[PDB]
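Engineer: Contents of run_27.cif (mmCIF, C-alpha atoms and all ligand atoms):
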```
data_input
loop_
_atom_site.label_atom_id
_atom_site.label_comp_id
_atom_site.auth_asym_id
_atom_site.auth_seq_id
_atom_site.Cartn_x
_atom_site.Cartn_y
_atom_site.Cartn_z
CA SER A 1 130.53 120.20 194.66
CA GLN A 2 127.43 118.00 194.61
CA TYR A 3 128.63 115.99 197.61
CA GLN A 4 130.07 116.98 200.97
CA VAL A 5 133.15 114.82 201.53
CA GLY A 6 133.79 113.26 204.93
CA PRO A 7 136.42 110.93 206.44
CA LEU A 8 138.29 108.19 204.60
CA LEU A 9 136.59 104.82 205.13
CA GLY A 10 139.30 102.68 203.55
CA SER A 11 141.79 102.50 200.69
CA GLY A 12 143.87 100.14 198.59
CA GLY A 13 145.92 100.12 195.39
CA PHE A 14 142.60 100.09 193.55
CA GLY A 15 141.65 103.43 195.11
CA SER A 16 140.01 105.07 198.11
CA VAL A 17 136.55 105.28 199.67
CA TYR A 18 135.20 108.25 201.60
CA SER A 19 132.11 108.76 203.72
CA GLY A 20 129.99 111.50 202.20
CA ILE A 21 126.69 113.36 202.17
CA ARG A 22 124.60 114.27 199.13
CA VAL A 23 124.14 118.03 199.48
CA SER A 24 120.66 118.17 197.89
CA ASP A 25 118.88 115.94 200.44
CA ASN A 26 121.54 115.05 203.06
CA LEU A 27 121.52 111.41 201.92
CA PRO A 28 124.45 109.43 203.33
CA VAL A 29 126.69 108.12 200.54
CA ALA A 30 130.06 106.45 200.01
CA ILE A 31 132.39 108.10 197.49
CA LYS A 32 134.67 105.55 195.81
CA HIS A 33 137.67 106.71 193.79
CA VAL A 34 139.01 104.12 191.35
CA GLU A 35 142.42 104.72 189.74
CA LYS A 36 142.32 104.15 185.97
CA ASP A 37 145.77 102.53 185.99
CA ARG A 38 144.69 99.84 188.46
CA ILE A 39 141.44 98.67 186.85
CA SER A 40 142.58 95.73 184.64
CA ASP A 41 138.98 94.81 183.81
CA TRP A 42 137.18 97.31 181.60
CA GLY A 43 133.51 97.01 180.75
CA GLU A 44 131.37 98.84 178.23
CA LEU A 45 128.06 100.64 178.67
CA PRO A 46 125.19 100.04 176.18
CA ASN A 47 125.88 103.51 174.82
CA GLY A 48 129.50 102.44 174.31
CA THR A 49 131.75 103.95 176.96
CA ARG A 50 134.69 102.16 178.57
CA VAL A 51 134.10 102.14 182.33
CA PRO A 52 135.34 99.88 185.09
CA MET A 53 133.50 96.54 184.96
CA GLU A 54 132.41 97.46 188.47
CA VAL A 55 130.17 100.17 187.02
CA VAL A 56 128.71 97.70 184.48
CA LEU A 57 128.08 95.07 187.16
CA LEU A 58 126.56 97.53 189.63
CA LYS A 59 124.12 98.86 187.03
CA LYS A 60 123.05 95.29 186.18
CA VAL A 61 122.32 94.56 189.86
CA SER A 62 121.29 98.07 190.97
CA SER A 63 117.63 97.67 190.07
CA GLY A 64 114.71 97.55 192.48
CA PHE A 65 115.60 96.59 196.05
CA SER A 66 118.08 93.94 197.21
CA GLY A 67 120.92 93.10 199.58
CA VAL A 68 123.33 94.70 197.13
CA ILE A 69 124.75 98.23 197.56
CA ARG A 70 123.13 100.65 195.10
CA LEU A 71 125.21 102.69 192.67
CA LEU A 72 123.61 106.14 192.72
CA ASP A 73 125.85 107.89 190.21
CA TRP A 74 129.35 107.88 188.74
CA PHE A 75 131.73 110.38 187.16
CA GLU A 76 134.84 110.15 185.00
CA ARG A 77 138.02 112.13 185.71
CA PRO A 78 141.25 112.30 183.67
CA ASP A 79 142.96 109.61 185.78
CA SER A 80 140.13 108.00 187.74
CA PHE A 81 136.46 107.17 188.03
CA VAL A 82 134.35 108.26 191.00
CA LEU A 83 131.46 106.05 192.14
CA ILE A 84 128.65 107.33 194.35
CA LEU A 85 127.27 104.47 196.43
CA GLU A 86 124.52 103.99 199.00
CA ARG A 87 125.67 104.24 202.63
CA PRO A 88 123.60 102.75 205.46
CA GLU A 89 123.94 104.46 208.84
CA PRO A 90 124.65 103.15 211.36
CA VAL A 91 126.61 100.42 209.63
CA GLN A 92 129.40 97.95 210.46
CA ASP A 93 131.04 95.43 208.16
CA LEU A 94 130.86 91.74 209.04
CA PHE A 95 134.63 91.47 209.58
CA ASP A 96 134.54 94.13 212.31
CA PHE A 97 131.31 92.68 213.71
CA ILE A 98 132.82 89.22 214.12
CA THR A 99 136.08 90.70 215.43
CA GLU A 100 134.17 92.43 218.23
CA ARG A 101 131.60 89.75 219.04
CA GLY A 102 133.61 86.60 218.32
CA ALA A 103 131.92 83.52 216.81
CA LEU A 104 128.23 84.15 216.10
CA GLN A 105 125.32 82.22 217.63
CA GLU A 106 123.97 79.92 214.93
CA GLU A 107 120.59 81.68 214.89
CA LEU A 108 122.40 84.91 214.00
CA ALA A 109 124.70 83.17 211.53
CA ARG A 110 121.64 81.62 209.86
CA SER A 111 119.98 85.02 209.40
CA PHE A 112 123.13 86.66 208.01
CA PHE A 113 124.05 83.71 205.77
CA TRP A 114 120.51 83.52 204.41
CA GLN A 115 120.59 87.22 203.47
CA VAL A 116 123.98 86.80 201.81
CA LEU A 117 122.60 83.86 199.84
CA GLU A 118 119.65 85.96 198.66
CA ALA A 119 122.00 88.78 197.63
CA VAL A 120 124.29 86.44 195.68
CA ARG A 121 121.29 84.78 194.01
CA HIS A 122 120.13 88.24 192.93
CA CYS A 123 123.55 88.92 191.41
CA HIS A 124 123.69 85.64 189.48
CA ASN A 125 120.10 86.22 188.32
CA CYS A 126 121.23 89.56 186.93
CA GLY A 127 124.15 87.92 185.12
CA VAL A 128 126.72 89.12 187.67
CA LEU A 129 129.43 87.13 189.47
CA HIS A 130 130.90 88.88 192.53
CA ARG A 131 134.14 86.84 192.92
CA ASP A 132 135.09 88.31 196.32
CA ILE A 133 132.38 87.27 198.77
CA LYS A 134 133.85 87.65 202.27
CA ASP A 135 133.16 89.25 205.65
CA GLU A 136 134.88 92.55 204.74
CA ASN A 137 132.59 92.92 201.72
CA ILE A 138 129.37 92.60 203.68
CA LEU A 139 127.83 95.63 205.38
CA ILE A 140 125.36 95.30 208.25
CA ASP A 141 122.56 97.87 208.48
CA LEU A 142 122.50 97.74 212.28
CA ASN A 143 119.03 99.32 212.71
CA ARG A 144 117.25 97.11 210.18
CA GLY A 145 119.30 93.92 210.54
CA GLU A 146 119.82 93.94 206.76
CA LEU A 147 123.04 92.85 205.05
CA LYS A 148 124.42 94.41 201.84
CA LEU A 149 127.07 93.07 199.44
CA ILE A 150 129.77 95.60 198.44
CA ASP A 151 132.84 95.90 196.18
CA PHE A 152 132.19 94.44 192.73
CA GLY A 153 135.67 95.57 191.69
CA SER A 154 136.81 91.97 191.22
CA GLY A 155 133.59 90.75 189.63
CA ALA A 156 132.70 89.63 186.11
CA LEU A 157 129.74 88.91 183.88
CA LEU A 158 128.44 85.48 184.84
CA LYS A 159 129.11 82.76 182.24
CA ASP A 160 128.86 78.96 182.01
CA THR A 161 132.43 78.45 180.75
CA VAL A 162 135.70 78.43 182.73
CA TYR A 163 137.31 81.52 184.31
CA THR A 164 141.12 81.77 184.09
CA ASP A 165 141.51 85.17 185.75
CA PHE A 166 141.04 85.91 189.46
CA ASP A 167 141.84 88.88 191.69
CA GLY A 168 139.57 88.24 194.64
CA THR A 169 140.73 87.08 198.07
CA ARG A 170 143.00 84.00 198.02
CA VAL A 171 141.93 82.49 201.37
CA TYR A 172 138.36 82.43 200.05
CA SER A 173 139.42 81.05 196.66
CA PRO A 174 138.73 77.40 195.74
CA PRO A 175 141.28 74.57 195.45
CA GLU A 176 140.73 74.40 191.68
CA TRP A 177 141.97 78.00 191.39
CA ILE A 178 144.96 77.30 193.64
CA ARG A 179 145.87 74.16 191.66
CA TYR A 180 144.87 74.84 188.05
CA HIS A 181 144.09 78.56 187.83
CA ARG A 182 140.65 77.53 186.56
CA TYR A 183 137.19 77.62 188.11
CA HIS A 184 133.52 77.90 187.19
CA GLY A 185 131.48 80.78 188.59
CA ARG A 186 128.76 79.22 190.73
CA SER A 187 130.81 76.42 192.30
CA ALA A 188 133.56 78.92 193.17
CA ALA A 189 130.97 81.22 194.74
CA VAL A 190 129.64 78.30 196.81
CA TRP A 191 133.17 77.55 198.03
CA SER A 192 133.63 81.14 199.23
CA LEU A 193 130.22 80.89 200.91
CA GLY A 194 131.46 77.81 202.78
CA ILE A 195 134.48 79.80 203.98
CA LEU A 196 132.14 82.63 204.99
CA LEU A 197 129.77 80.39 206.98
CA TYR A 198 132.70 78.77 208.78
CA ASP A 199 133.97 82.28 209.56
CA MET A 200 130.60 83.27 211.01
CA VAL A 201 130.21 80.27 213.33
CA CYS A 202 133.88 79.84 214.33
CA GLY A 203 134.99 83.48 214.37
CA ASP A 204 137.87 82.93 211.93
CA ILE A 205 138.45 81.36 208.50
CA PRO A 206 139.25 77.62 208.22
CA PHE A 207 142.28 77.83 205.88
CA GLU A 208 145.33 80.13 205.84
CA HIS A 209 147.81 78.37 203.56
CA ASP A 210 147.51 76.99 200.01
CA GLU A 211 148.19 73.43 201.23
CA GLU A 212 145.26 73.59 203.66
CA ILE A 213 142.92 74.79 200.93
CA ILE A 214 143.81 71.95 198.56
CA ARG A 215 143.68 69.33 201.33
CA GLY A 216 140.20 70.65 202.21
CA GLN A 217 140.13 69.08 205.67
CA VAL A 218 137.82 71.17 207.87
CA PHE A 219 138.62 71.37 211.60
CA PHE A 220 136.06 73.02 213.90
CA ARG A 221 137.62 75.17 216.61
CA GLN A 222 134.26 76.15 218.10
CA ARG A 223 131.21 74.13 219.09
CA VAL A 224 129.13 73.92 215.91
CA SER A 225 125.96 71.86 215.38
CA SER A 226 126.23 68.75 213.24
CA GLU A 227 123.83 70.18 210.65
CA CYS A 228 125.83 73.38 210.25
CA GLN A 229 129.06 71.38 210.05
CA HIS A 230 127.50 69.27 207.28
CA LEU A 231 126.49 72.32 205.21
CA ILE A 232 129.94 73.86 205.61
CA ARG A 233 131.74 70.67 204.55
CA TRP A 234 129.34 70.35 201.60
CA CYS A 235 130.05 73.90 200.39
CA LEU A 236 133.76 73.08 200.83
CA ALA A 237 133.72 69.88 198.79
CA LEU A 238 137.03 69.48 196.95
CA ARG A 239 135.31 68.51 193.70
CA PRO A 240 133.40 71.57 192.41
CA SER A 241 130.53 69.44 191.06
CA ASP A 242 130.09 67.94 194.55
CA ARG A 243 129.17 71.35 195.97
CA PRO A 244 125.51 72.27 196.56
CA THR A 245 123.54 74.61 194.30
CA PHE A 246 122.05 77.76 195.86
CA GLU A 247 118.74 75.91 196.01
CA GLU A 248 120.34 72.99 197.87
CA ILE A 249 121.96 75.38 200.35
CA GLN A 250 118.69 77.17 201.09
CA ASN A 251 116.81 73.87 201.36
CA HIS A 252 119.39 72.50 203.83
CA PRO A 253 117.90 71.58 207.24
CA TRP A 254 120.28 73.99 209.00
CA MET A 255 118.77 76.88 207.00
CA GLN A 256 115.14 76.43 207.98
CA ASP A 257 113.10 78.88 210.07
CA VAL A 258 115.34 81.90 209.40
CA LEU A 259 114.65 85.08 211.39
CA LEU A 260 113.34 88.18 209.62
CA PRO A 261 115.92 91.00 209.35
CA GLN A 262 114.09 93.23 211.86
CA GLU A 263 113.75 90.31 214.31
CA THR A 264 117.48 89.70 213.88
CA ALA A 265 118.16 93.35 214.72
CA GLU A 266 115.87 93.34 217.78
CA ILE A 267 117.36 90.12 219.20
CA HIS A 268 121.02 90.35 218.20
CA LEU A 269 121.89 93.93 217.28
CA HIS A 270 120.00 96.00 219.87
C1 LIG B 301 139.51 98.88 201.45
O1 LIG B 301 138.28 99.59 201.62
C2 LIG B 301 137.22 99.48 200.71
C3 LIG B 301 137.36 98.91 199.44
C4 LIG B 301 136.26 98.84 198.57
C5 LIG B 301 135.03 99.33 198.98
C6 LIG B 301 134.89 99.91 200.26
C7 LIG B 301 135.97 100.00 201.16
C8 LIG B 301 135.82 100.60 202.54
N1 LIG B 301 135.33 99.66 203.67
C9 LIG B 301 134.14 98.78 203.38
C10 LIG B 301 133.87 97.76 204.54
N2 LIG B 301 135.07 96.90 204.77
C11 LIG B 301 136.25 97.78 205.13
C12 LIG B 301 136.51 98.75 203.96
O2 LIG B 301 133.61 100.33 200.47
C13 LIG B 301 132.82 100.08 199.35
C14 LIG B 301 131.52 100.38 199.23
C15 LIG B 301 130.61 101.00 200.19
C16 LIG B 301 129.33 101.44 199.88
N3 LIG B 301 128.72 101.99 201.00
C17 LIG B 301 129.60 101.93 202.07
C18 LIG B 301 129.44 102.35 203.40
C19 LIG B 301 130.50 102.16 204.24
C20 LIG B 301 131.67 101.54 203.72
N4 LIG B 301 131.86 101.12 202.46
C21 LIG B 301 130.82 101.31 201.60
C22 LIG B 301 133.72 99.41 198.33
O3 LIG B 301 133.41 99.03 197.22
#
```
As structure tokens - that is how I would like this structure written.

Structural biologist:
Amino acid sequence: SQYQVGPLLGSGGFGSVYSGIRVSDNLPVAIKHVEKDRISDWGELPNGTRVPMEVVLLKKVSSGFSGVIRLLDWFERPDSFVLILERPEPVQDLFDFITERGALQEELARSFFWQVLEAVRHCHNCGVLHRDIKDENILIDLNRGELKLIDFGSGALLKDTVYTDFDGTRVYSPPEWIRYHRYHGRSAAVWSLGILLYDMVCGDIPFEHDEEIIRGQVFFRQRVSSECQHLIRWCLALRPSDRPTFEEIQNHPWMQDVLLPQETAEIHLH
């Protein structure tokens, strides 16, 4: 009764997400219902309370401002958890944005990719690994030109040792996962970021099948500058240790002179 429930925004086997309004101040929110039977990965609060890892991860990153969706509150029900999340308005996810506009001008792709990089750096700094970076999980605040990372439902605490579990998106998953069901956090993130950048500048992902992912041969179907092509192929290095660090990505020549978010909005969104 504390929130006015609006239309369904999306759903899966994990659960369902509704547009909503906080009654007290009319704040736009998203109301995410997570089925207890579909969680798999349980976390624990400091106070000791088994919650979805998603709640743990969001609290670790929901602190000050960033390009990460804020968790405003959460509730437990007999068979589910309910998460109350920030909702920008107007908003569009990157998948829909690219679907409508096609391949993005590199100046726009640079701005978006830079903001995603800053958001992911914030997560890793907070000890959080997202594990499902992709266009569908990136919201665009259309008025402000600001991007926000969503859905930490496949995430994990960041660690320096190998991960053997994965339930993110396969076509964004690295060849070492496909081949050996093993990956390390940062290098796997960088791979998905390579897929994402290709998606931005070409208007579709580079690989569809397992065999393409493990071959790692990148074909460009759109005109893309040599510098951008280089960064993409670097992020998509077959050997994980050959991939760039976040610092190397942001220091790449293609990444220089990024637009401010409001400039990005004024030029590309308005
Ligand atoms: C299958 O649909 C899902 C799954 C997980 C999440 C989710 C949605 C709904 N749509 C999100 C964009 N891509 C299409 C699906 O939304 C989330 C968080 C949100 C926080 N504020 C928002 C505002 C507008 C939409 N979503 C959110 C999620 O974790």

Engineer: Could you give me the residues within 7 Å of ligand LIG 301 (chain B), counting only C-alpha atoms and all ligand atoms, as a PDB file with C-alpha atoms, keeping the file's coordinate frame?

Structural biologist:
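Generated output (out.pdb):
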```pdb
ATOM      1  CA  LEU A   9     136.590 104.820 205.130  1.00  0.00           C
ATOM      2  CA  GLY A  10     139.300 102.680 203.550  1.00  0.00           C
ATOM      3  CA  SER A  11     141.790 102.500 200.690  1.00  0.00           C
ATOM      4  CA  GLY A  12     143.870 100.140 198.590  1.00  0.00           C
ATOM      5  CA  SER A  16     140.010 105.070 198.110  1.00  0.00           C
ATOM      6  CA  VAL A  17     136.550 105.280 199.670  1.00  0.00           C
ATOM      7  CA  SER A  19     132.110 108.760 203.720  1.00  0.00           C
ATOM      8  CA  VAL A  29     126.690 108.120 200.540  1.00  0.00           C
ATOM      9  CA  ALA A  30     130.060 106.450 200.010  1.00  0.00           C
ATOM     10  CA  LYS A  32     134.670 105.550 195.810  1.00  0.00           C
ATOM     11  CA  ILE A  69     124.750  98.230 197.560  1.00  0.00           C
ATOM     12  CA  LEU A  85     127.270 104.470 196.430  1.00  0.00           C
ATOM     13  CA  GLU A  86     124.520 103.990 199.000  1.00  0.00           C
ATOM     14  CA  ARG A  87     125.670 104.240 202.630  1.00  0.00           C
ATOM     15  CA  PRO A  88     123.600 102.750 205.460  1.00  0.00           C
ATOM     16  CA  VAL A  91     126.610 100.420 209.630  1.00  0.00           C
ATOM     17  CA  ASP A  93     131.040  95.430 208.160  1.00  0.00           C
ATOM     18  CA  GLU A 136     134.880  92.550 204.740  1.00  0.00           C
ATOM     19  CA  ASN A 137     132.590  92.920 201.720  1.00  0.00           C
ATOM     20  CA  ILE A 138     129.370  92.600 203.680  1.00  0.00           C
ATOM     21  CA  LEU A 139     127.830  95.630 205.380  1.00  0.00           C
ATOM     22  CA  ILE A 150     129.770  95.600 198.440  1.00  0.00           C
ATOM     23  CA  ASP A 151     132.840  95.900 196.180  1.00  0.00           C
ATOM     24  CA  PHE A 152     132.190  94.440 192.730  1.00  0.00           C
ATOM     25  CA  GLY A 153     135.670  95.570 191.690  1.00  0.00           C
TER      26      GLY A 153
END
```

Engineer: Given only C-alpha atoms as the basis, pick out the residue of A:36, A:186, A:181, A:70 nearest to residue 58 (chain A).

Structural biologist: A:70

Engineer: One decimal, Å: what's the distance from CA of residue 28 (chain A) over to CA of residue 55 (chain A), could you say?

Structural biologist: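 So the answer is 19.6 Å.
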
Engineer: Work out how far CA of residue 188 (chain A) is from CA of residue 241 (chain A), in Å to one decimal.

Structural biologist: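 Rounded to one decimal, the two atoms are 10.2 Å apart.
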
Engineer: Can you pull out every residue within 8 Å of residue 144 (chain A), counting all atoms listed in the file, but drop anything in the same chain fewer than 3 positions away, and send it as a count of residues only?

Structural biologist: 4

Engineer: Point out the residue among A:23, A:121, A:74, A:173 with the least atom-to-atom distance to residue 212 (chain A), counting all atoms listed in the file.

Structural biologist: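 Distance minimum relative to residue 212 (chain A) lands on A:173.
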
Engineer: Please measure the separation of CA of residue 239 (chain A) and CA of residue 109 (chain A), giving the value in Å to one decimal.

Structural biologist: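 Atom-to-atom, CA of residue 239 (chain A) to CA of residue 109 (chain A), that is 25.4 Å.
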
Engineer: Can you work out which one of A:143, A:111, A:47, A:217 has the shortest atom-to-atom distance to residue 92 (chain A), counting all atoms listed in the file?

Structural biologist: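 That would be A:143, the residue with the smallest distance to residue 92 (chain A).
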
Engineer: Nearest to residue 177 (chain A) among A:199, A:242, A:135, A:210, with distances taken over all atoms listed in the file: which residue is it?

Structural biologist: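 Distance minimum relative to residue 177 (chain A) lands on A:210.
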
Engineer: List the spatial neighbours of residue 4 (chain A) as a ChimeraX atom specification - criterion: any atom at most 7 Å away, only C-alpha atoms, same-chain residues fewer than 3 positions off excluded.

Structural biologist: /A:20-23

Engineer: Could you save those same residues with C-alpha atoms as a PDB file, keeping the file's coordinate frame?

Structural biologist:
```pdb
ATOM      1  CA  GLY A  20     129.990 111.500 202.200  1.00  0.00           C
ATOM      2  CA  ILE A  21     126.690 113.360 202.170  1.00  0.00           C
ATOM      3  CA  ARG A  22     124.600 114.270 199.130  1.00  0.00           C
ATOM      4  CA  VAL A  23     124.140 118.030 199.480  1.00  0.00           C
TER       5      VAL A  23
END
```

Engineer: With distances taken over all atoms listed in the file, which of A:38, A:80, A:145, A:133 is nearest to residue 270 (chain A)?

Structural biologist: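 For residue 270 (chain A), the nearest of the given residues is A:145.
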